[PDB]
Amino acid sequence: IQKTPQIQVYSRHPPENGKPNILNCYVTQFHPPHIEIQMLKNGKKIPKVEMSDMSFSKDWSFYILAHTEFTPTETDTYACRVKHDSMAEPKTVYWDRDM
C-alpha cells in the first residue's frame, strides 16, 4: 500500500521581483518514507537545496520540506520535482506566486 505525495510550492515571504527570498517545496501525505526531491530554476536542478529532517503526522504519513534561496523575476520559472514509488514518473509542480 502506497501514498501519493501532496506538494505545495511557495515562497517564505511575499514575492517581489528582484528581492532575495526562500522557495519552499512542502511534501506531505506519502508512504513509504523514501523520496527524492529536486528544486528547479528554468528546468535546471538548483545546487544548494536544504532538506528538512523527515517527520510523520498522526495518520502515519510522512512529510518533508525542501527549501532554497531564490530571487523571483518576471521571466524565470521555478518548480519542484518529486520522485516517489506511488507514481509512474516524477511529478513536477511549478511555483505560482498567486498560490
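Think of the rigid core as the biggest set of C-alphas that the two forms share within 1.5 Å after superposition. Just count from 1 along the sequence shown to find any residue number.
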>> Quick check: by Cα RMS after rigid core superposition, does 47-55 or 22-30 differ more from this form in 7 other deposited structures of this protein?
In response: 47-55
> For the C-alpha atoms alone, is the average B factor greater in 22-30 or in 69-77, going by the entry?
Replying inline: 69-77
> If you average the CA temperature factors over each stretch, which comes out higher, 82-90 or 8-16?
Replying inline: 82-90
> Lowest, middle or highest third: where is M51 by Cα B-factor in its chain?
Replying inline: highest
